[PDB]
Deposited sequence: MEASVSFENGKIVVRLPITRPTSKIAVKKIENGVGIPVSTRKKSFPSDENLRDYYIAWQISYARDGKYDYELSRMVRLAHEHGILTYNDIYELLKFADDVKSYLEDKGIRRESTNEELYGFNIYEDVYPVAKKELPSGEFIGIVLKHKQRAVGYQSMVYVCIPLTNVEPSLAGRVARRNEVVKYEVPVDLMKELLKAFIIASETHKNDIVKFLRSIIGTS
């Protein structure tokens, strides 16, 4: 439900902010944790607020969706040079372990709760912050209905970096905002998928080699 385009020499994405889903939701960040927010009820003050986007690179087996759509448009308009794709391919070739390798572990402690021993389940999370304010997250979740893991990639875009400014008001009905996607972001998201798992890497490599 995201809309990717090329406008004014810039890759832009238009994102809805009032219909929260697994894929797109506005969050308030406190101590790392992302509190959900309803953008229609409470008014905005702002550095605390992000669009949380679980971004994809394929759909129906097609690599012309969200991230891959942004990349194709960038490469065709010289935002993403052949040089950039080469080094991302080099990065990928150098990557030998993944977030999925780390897995999820259960550790004993020396604590009890009224006679019950306390253990801690430890989930790995990979994160990078761009100087522009965007966050990239890679979370490991226990694969639904199946053994093993799924790695999920998120981009977190501060409300201060979108237009129009939501400052001082509730979102309008079906409000959609526009975000100019910086080349750095596309690079780092491709890198995130590369390290998320070997199967995500193999996909990204085939796609970028596809851009030739």
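Discussion item. Need the unmodelled segments of the deposited chain, numbered from 1, in order.
Written reply: Several stretches lack coordinates - namely 1, 47 to 50, 218 to 220, in sequence order.
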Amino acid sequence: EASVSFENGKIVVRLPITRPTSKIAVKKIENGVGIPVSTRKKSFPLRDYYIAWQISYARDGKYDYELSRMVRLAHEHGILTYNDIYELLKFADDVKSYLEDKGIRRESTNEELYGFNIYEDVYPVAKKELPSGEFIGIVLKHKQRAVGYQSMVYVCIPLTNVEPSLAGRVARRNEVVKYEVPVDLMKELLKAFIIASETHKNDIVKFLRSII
From here on, numbers count along this sequence of modelled residues.
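Practice prompt. Give the stretch, out of 139 to 147 and 50 to 58, with the larger mean C-alpha temperature factor in the deposited entry.
Written response: Mean CA B-factor is higher for 139 to 147.
Worksheet item: Which has higher Cα B-factors on average according to the PDB entry: 5 to 13 or 21 to 29?
Response: The recorded data point to 5 to 13.
Item to complete: From the list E107, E134, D94, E111, select the residue with the highest C-alpha B factor recorded in the entry.
Response: Of the candidates given, the C-alpha B-factor peaks at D94.
Fill in: Which of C156, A167, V177, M70 ranks first by CA B-factor in the deposited coordinates
Of the options given, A167 has the highest CA B-factor in the PDB entry.
Item to complete: Please place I35 in the lowest, middle or highest third of its chain by C-alpha B factor as given in the entry.
Response: Its C-alpha B-factor belongs to the highest third of this chain's values.
Worksheet entry | Third of chain Cα B-factors occupied by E120 | According to the entry, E120 has a C-alpha B-factor in the chain's lowest third.
Practice prompt. For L89, return the chain-relative third of its C-alpha B-factor as stated in the PDB record: lowest, middle or highest.
Written response: It falls in the middle third of the chain.
Fill in: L99, C-alpha B-factor rank within chain (lowest, middle or highest third)
CA B-factor rank for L99: lowest third.
Worksheet item: Once the chain's modelled residues are ordered by C-alpha B factor and cut into thirds, is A126 in the lowest, middle or highest one?
Response: Within its chain, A126 is a lowest-third residue by C-alpha B-factor, going by the deposited values.
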